[PDB]
């Protein structure tokens, strides 16, 4: 809706947060590129797992083997294309995190007095849903339960009925899917490439699935080769204007994603 230049973003740290290259993953697919920001504060062990799997090279060539319109695109089944079970352990479910409301502060969408058991907002460009902050007054850890809801753009971990079976398979959220919330380990967000995810070939499985051609951690690239990503600061005034413009009656998943931009290197 609004295009932001690299110059305008770099000059304005009040409104733009630079993404850590070790939190930035490039998924090159047969429908285009997806840039994912990892969310270590939301799912620390899953974020470590994704870095680990990416760095094995084993995601390369994995299919998007389960793609459901209006839901998600699932990929990352290494065994299916490697031809053998990979040397890879499962990761325990991380469906919620314990948030300190004095430390990790959500930007609310509506400033009106809250009256529900839960609310949503943004932190570092990630959508967040939470139990009420007032519970932290008396909880044993002075924290409250929060999670990253499965809005379009979120990236999460596939699993079986076993909550600890997440390992390699992931899904790219194509549409708001709140029935997944608190049941699947969301761990990242597509800064760019939601449209790419929404274009992956549908099927269970597709006859001829799209492919995750390569995955790269940006921190593993030489400095001059690194794309540079920025995410609008939810607590800054440009985001206030964005909410004004888009509608503050909307829940976090009915808004667009937090404005984000990825700039690739010159030749």
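Numbering follows the first chain given and starts at 1.
- If you average the C-alpha B-factors over 221-229 and over 196-204, the higher value belongs to 221-229.
- Stretch comparison (233-241 versus 38-46) by mean CA B-factor in the PDB entry places 38-46 on top.
- Per the deposited coordinates, the residue with the largest Cα temperature factor out of 118, 161, 186, 169 is 161.
- The maximum CA B-factor among the listed residues 124, 107, 74, 114, taken from the PDB record, is found at 114.
- Ranked by Cα temperature factor within the chain, residue 61 sits in the middle third according to the deposited record.
- Annotation for residue 151: CA B-factor lies in the lowest third of the chain's modelled residues.
- Ranked against the other modelled residues of its chain, the C-alpha B-factor of residue 69 as given in the entry falls in the highest third.
- In the PDB entry, residue 24 places in the lowest third of its chain by CA B-factor.
- Sorting the modelled residues of the chain by their CA temperature factor places residue 191 in the lowest third.
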